[PDB]
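> Handing you this structure, nothing more for now.
When we count neighbours, we look across all protein chains shown, and the Cβ atoms used for this are built from the backbone with ideal geometry, even at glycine. Read-outs throughout are calculated quantities, based only on the coordinates presented, and are distinct from any laboratory measurement.
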Amino acid sequence: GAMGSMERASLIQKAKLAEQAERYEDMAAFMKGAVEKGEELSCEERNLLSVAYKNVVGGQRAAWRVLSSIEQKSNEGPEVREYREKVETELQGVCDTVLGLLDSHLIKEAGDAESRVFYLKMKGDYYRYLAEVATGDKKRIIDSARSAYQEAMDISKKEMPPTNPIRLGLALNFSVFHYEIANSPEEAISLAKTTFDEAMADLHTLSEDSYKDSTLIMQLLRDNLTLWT
Amino acid sequence: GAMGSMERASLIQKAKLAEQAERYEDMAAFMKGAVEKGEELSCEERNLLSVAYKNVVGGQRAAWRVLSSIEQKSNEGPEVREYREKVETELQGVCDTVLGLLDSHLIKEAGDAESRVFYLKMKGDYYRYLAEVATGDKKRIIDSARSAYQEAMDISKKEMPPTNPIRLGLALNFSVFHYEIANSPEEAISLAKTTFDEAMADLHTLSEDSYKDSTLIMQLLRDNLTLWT
Amino acid sequence: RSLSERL
Amino acid sequence: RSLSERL
Ligand SMILES: Cc1ccc(-c2cccc3cc(C(=N)N)sc23)nc1N
Ligand SMILES: Cc1ccc(-c2cccc3cc(C(=N)N)sc23)nc1N
Ligand SMILES: [Ca+2]
Ligand SMILES: [Ca+2]
Ligand SMILES: [Cl-]
Ligand SMILES: [Cl-]
């Protein structure tokens, strides 16, 4: 691609600059270029990749929701549908790009729990974003999200402590999948509660800084439980 | 361009949708397509054009400032300069596009004061944005901004009341030009004060709604005077 | 809408 | 930085 001539280290440096400048499309392109060098990613690099694409797809999701809401009102000319479709297609292209990087070849080279769980969670997340706009096929997309989350959960429970921030963010997002995508609010509530309680019981093992990291994510579990019950 | 096959009315409708979705790059492309249909723009359409490109160039200016600040610190590898140059070049391309639309052929077909002043102010604004990143050539860019603002001012003083929001926003931006670009802080202060005082004395002629519109812009003149003195 | 993992 | 016209 267009980043093939740039050094890996320069791509990472520029991704960090783009983050500081709130240029998330650039940040994603730089990190895509870094992935395509073929070397595994460090913990920091994995998070740069995630931050970049989360911001890109987050803007698209917010736009899609606005347009879909306008479209649904109009059904209570073709321009509203056309433009919602345009944004939707762009969003799906971003998700497909991320899923392609995970499949070629981030996941298969990831052996440590922290990397493998991170990437499988990401695969669940971007199939979930595809599911949010899918209509009927929606079933196979939902199953793909579920499968990725489940594999990630199984590894995280075996290999990580209950306060691990990757484990917590995985359980959080899988609970959102259950509530928002899979029409399983009881599963969502059960998962959030068990995750929160098992992390609570492990906090005593943590340093002050790790305690801060874990409790910040636990608060999101609690906020969802408040909304859901 | 890529919007050549879309109806003018559909482009305007989609520009308004993109605004609601905070998709300002799309909004600008739609309004560029509408301009390129060759018909003059209504007051609402002129403001859609301005809003779209102001948001696009505003993100680029904010990014450029972040990167330039990092670059200047590093001079107290080539990546910081390279990436600042990338953003700078993109910003200049956006300014050139807007200036091209004004020159081909919005300004020459604009006969009413409200349209002609609006477009000449816009020409001043986008040359000012070019001036912000220009280095030495900077002189001819500054002169182009000054010339456009001055022509707009001369028409506005002859043809518009002192509370007209276009006249006020023009005087505001020309005062910013004087202070920030032209190294003429006394000219900036004098212009802001005279503009504010002449608008104040005309407020009694206005409806409640027009009064609200004018006083909102006057507050920006006052806020600058507070910062400048 | 439910809260998902933040950056 | 000085305030310019807003939308
Ligand atoms: C050396 C290092 C390791 C990990 C992280 C990290 C961890 C979790 C989230 C996140 C977001 C980041 C970002 N928005 N740049 S880094 C990062 N950071 C480091 N510096
Ligand atoms: C019918 C009409 C005429 C003028 C305007 C207008 C005026 C000044 C600024 C601005 C921003 C706009 C926007 N962000 N869409 S419209 C607009 N609006 C209308 N509806
Ligand atoms: Ca129940
Ligand atoms: Ca003085
Ligand atoms: Cl469209
Ligand atoms: Cl670059």
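> If the only charges are +1 at each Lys and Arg Cβ and -1 at each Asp and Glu Cβ, what is the size of the charge dipole of the protein assembly as shown around the Cα centre, to the nearest 20 debye?
20
> Could you tell me whether segment A:99-211 comes out rounded, prolate or oblate from its Cα gyration tensor? Rule is a ≥ b ≥ c as square roots of the eigenvalues, rounded for a/c under 1.5, then prolate if a/b exceeds b/c, otherwise oblate.
Oblate shape, in that a/c is at least 1.5 and b/c is the bigger or equal ratio.
> Based on the Cβ-Cβ distance from residue B:205 to residue B:22, what FRET efficiency comes out when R0 is 35 Å, to the nearest 0.05?
Using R0 = 35 Å, I get an efficiency of 0.45.
> Explain nothing, just compute: Karplus ³J(HN,Hα) = 6.51 cos²θ - 1.76 cosθ + 1.60, θ = phi - 60°, for every residue of segment A:119-131 in order, whole Hz, x for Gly and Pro.
6, 5, 4, 4, 4, x, 4, 7, 5, 4, 4, 4, 4
> Between residue B:77 and the same site in the other copies, what are the distances in nm, shortest first, taking label points 7 Å from Cα along the C-beta direction?
Listed shortest first, these distances are 5.0 nm.
> Please turn the phi angles of segment A:37-50 into ³J(HN,Hα) values with the Karplus equation 6.51 cos²θ - 1.76 cosθ + 1.60 (θ = phi - 60°), one per residue in order, whole Hz, x for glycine and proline.
Karplus values, whole Hz, x for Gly and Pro: 5, x, 7, 4, 9, 6, 4, 5, 5, 4, 6, 5, 4, 4.
> Still on this structure: Specify the inter-centroid distance of segment A:11-67 and segment B:90-105, based on alpha-carbon positions, in whole Å.
So the two Cα centres are separated by 29 Å.
> Return the sequence-ordered ³J(HN,Hα) values of segment A:206-215 in whole Hz as given by the Karplus equation 6.51 cos²θ - 1.76 cosθ + 1.60 applied to θ = phi - 60°, using x for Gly and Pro.
9, 5, 4, 5, 5, 3, 4, 4, 5, 5
> Considering only C-alpha atoms, what is the centroid distance from segment A:128-199 to segment B:155-229, in Å?
After rounding, the separation between the Cα centres reads 56 Å.
> Here is a follow-up. What's the percent breakdown of Cα-Cα distances in chain A across 5 Å bins, shortest bin first?
1, 6, 13, 15, 18, 17, 14, 9, 4, 2, 0, 0, 0
> Which chain B residue comes nearest the axis with its C-beta when you rotate B onto A, and by how many angstrom?
B:25, 5
> Let me ask you something else. Would you mind listing the distances between the residue B:38 label point and the same position in each other copy? Use 7 Å along Cα-to-C-beta, nm, one decimal, shortest first.
The projected label point of residue B:38 is separated from its counterparts by 5.4 nm.
> Follow-up question, since we're still on this one. Against the empirical 2.2 N^0.38 Å scaling, what ratio does the C-alpha Rg of the protein assembly as shown come to?
1.16
> Under a plain spin-label model, where a point goes 7 Å from the Cα along Cα-to-Cβ, how far apart in nm are residue A:82 and residue B:105?
2.6
> At residue B:16, with labels set 7 Å past Cα in the Cβ direction, how many nm apart are the copies from this one, shortest first?
So the label point of residue B:16 gives 4.7 nm to the other copies.
> Please go through the residue pairs A:138/A:193; A:16/B:32; A:121/A:158; B:54/B:212 and name each one whose alpha carbons sit more than 26 Å apart in this structure.
Correct reply: A:138/A:193; A:16/B:32.
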